[PDB]
């Protein structure tokens, strides 16, 4: 045919529905990823070499390897074990596990980023590593980490579209549905990309108007 966006108006509740799942997926994965990411960071800080080794290897592998292959490894790879996990839980697991590795590194880099003089002064005042960390360094790293976390979210918004291929009804999946009743792929994809763009801009501006409510 030729382009016809006005046909697409009928499918607004689908577009809207897909969007809400894209939010819900991301928000839950990144939330779990943060908590997981936290705990994995701590393990790498451990003085006990085998635990630091495991956290390091986890992080290195999850980051050094594609999100897709992680998704599929959970979803398809587990079938032959009599394990049939739903699309939503598979995507949440994959995304939270991917995000956890990137988050652990965000934390480590936020701590390395506070000026080493702070620690020096703190310890020079009779403080132990523990106290210095509690009262001087960590609060400061926090301000380094929070805006990078908010950015991790925004990136994960785009990243979550990958669970479409698993048959999860996210925003991107709505184009396979619409075409089935319209035979049109083009217009709903343009529309979907536009929803992604608007989400990206909105959350970015919300993010920058938060780095200025810190500085």
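Numbering follows the first chain given and starts at 1.
- When the C-alpha B-factors of 67, 155, 45, 165 are ranked from the entry, the top spot goes to 45.
- When all modelled residues of the chain are sorted by CA temperature factor, residue 75 is found within the middle third.
- In the PDB entry, a CA B factor belonging to the lowest third of its chain's modelled residues is recorded for residue 100.
- Placement of the Cα temperature factor of residue 203 within the chain: middle third of the modelled residues, per the deposited record.
- Per-chain ranking of the deposited C-alpha B factor places residue 82 in the highest third.
- For residue 196, the recorded CA temperature factor ranks within the lowest third of the chain's modelled residues.
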